[PDB]
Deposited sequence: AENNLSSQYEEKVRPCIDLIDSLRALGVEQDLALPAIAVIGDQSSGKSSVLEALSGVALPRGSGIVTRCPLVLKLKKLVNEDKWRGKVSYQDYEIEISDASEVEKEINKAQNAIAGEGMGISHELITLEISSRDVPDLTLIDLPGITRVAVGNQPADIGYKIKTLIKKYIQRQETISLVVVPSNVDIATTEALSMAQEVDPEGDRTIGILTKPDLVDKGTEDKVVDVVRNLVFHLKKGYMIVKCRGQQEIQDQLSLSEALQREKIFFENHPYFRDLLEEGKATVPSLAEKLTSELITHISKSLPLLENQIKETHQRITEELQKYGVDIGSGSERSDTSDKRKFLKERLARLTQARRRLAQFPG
C-alpha cells in the first residue's frame, strides 16, 4: 500500500488542513514560492510526474505507491471531489478547478496523486511574485500576492521553498527577500535553482558557489534541477523522459557534475530531500500541537463570550463553526497515528 512509517505524520497534517483549521491553527507546511517565470511550475510537474497549468494555492498531496502500480488521482475544491482518470487528465482538472472557484484567490485546490513515480510529500504551491501590474491586473497585485504568501510563510511551521532561475542573482529575487524577512536566520528556507542550461558561459562557477551554500547561507541548503523547458512543455515531452534528460544533463556538465556528485542536483534527489524536510518539520510540531489547539480554542472561546454565551446570530455561529473545527482537530490528533 504505502510506507506506514512515513505516511501517518504526513496524513495527520493533510487531514488537519482538510478540516479547514489552518486559518486558525498553524500547520507544518512547505510553501513553494518564486518570482514570476521562476520555473517552479515545471519543478512541480517533475515532482508529481504529471503536466500542470500553465491563481490560488495548490495543495499537492503526493503518495508513493509501493504496491498497486496503478496510478490514482483526485482533485478537491469547495464542495467538489473529482476522480481523475489518468495522468494526462490532471492539467484539465486543475484548470477546471481554477475556473470553478476563480483578484488573487485564497481558496485551496487540493490535488492528490498516488503513484509509483512520486515521493511521499505534500507541498503548497503559491502564485508567482510580481512587482509591477501588467495587462489588466489590479494595481496592487504585488500586495495581494504578498499577503497570501505572508499568511503561510510568516508562520514558523512553514518552510519556504524559494525557486529561482540559475541565471538570476538570488539576492535580486523578491521570493528570497520575502523568505529572509520572515526567516532572518535562514533556518527554514530551502533554495531550488532551475534552468541551469540557460546560464551564461563563464558564469557557471557563481552558480556552483550558490548551490554549495557559499553565497547566501541557508541552514537547509540548496538544490539544482533541470526540468522541462518551454519547448519540451510545448512538445509535451513525457515527464519520465525529462527525468532522463535531467540525469544526462548533470552527468555531462563541465561544472554541474560536481553538484550532482555532492548530492545537490536532480528532481529525484530533491524529492528525497523534501520528504525528509517535511517529516522533520512535522515531527517538530507533533509534541506541541495538543497545547497549541487548546490555546487557540481557549482564545476563540473568549471571543465567543462577546456575543453572549441577527448579525449577532451569524457572528455567534461562525465562531461556533471555528471552535467545532478545532474540536475535530483535537479529536483527530487524539487518534494519531491511527
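Can you list the gaps, in order, where the deposited sequence has no modelled residues?
Several regions go unmodelled: 1-7, 62-67, 116-119, 327-334.
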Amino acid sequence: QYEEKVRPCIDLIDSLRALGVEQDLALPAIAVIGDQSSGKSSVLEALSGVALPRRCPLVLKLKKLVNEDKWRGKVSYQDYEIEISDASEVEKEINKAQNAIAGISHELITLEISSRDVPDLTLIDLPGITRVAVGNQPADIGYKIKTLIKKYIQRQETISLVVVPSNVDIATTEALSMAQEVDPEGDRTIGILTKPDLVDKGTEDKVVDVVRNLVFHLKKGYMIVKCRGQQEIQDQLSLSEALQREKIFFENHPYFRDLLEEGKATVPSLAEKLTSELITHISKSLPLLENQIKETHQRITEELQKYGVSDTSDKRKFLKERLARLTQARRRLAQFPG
From here on, numbers count along this sequence of modelled residues.
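Can you let me know which of the two, 82-90 or 236-244, has the higher average C-alpha B-factor in the entry?
Stretch with the higher mean C-alpha B-factor: 82-90.
Please compare 317-325 with 16-24 and say which has the higher mean C-alpha temperature factor in the record.
Per the PDB entry, the higher value belongs to 317-325.
Out of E45, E290, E68, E277, whose C-alpha atom has the biggest B factor in the entry?
Highest C-alpha B-factor among the listed options: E68.
Reading the B-factor column of the entry, which of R188, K150, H106, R72 has the highest value at its C-alpha atom?
Of the options given, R72 has the highest CA B-factor in the PDB entry.
Could you tell me which third, lowest, middle or highest, the C-alpha B-factor of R116 occupies within its chain?
Highest third, going by the recorded CA B-factors of the chain.
C-alpha B factor of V163, ranked within the chain: lowest, middle or highest third?
Ranked within chain, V163 CA B lands in the lowest tercile.
For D209, return the chain-relative third of its C-alpha B-factor as stated in the PDB record: lowest, middle or highest.
Its C-alpha B-factor belongs to the middle third of this chain's values.
Within this chain's modelled residues, let me know which third the CA B factor of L304 belongs to: lowest, middle or highest.
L304: CA B-factor falls in the highest third of its chain.
Would you mind checking where the Cα B-factor of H281 ranks among the modelled residues of its chain, as the lowest, middle or highest third?
CA B-factor rank for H281: lowest third.
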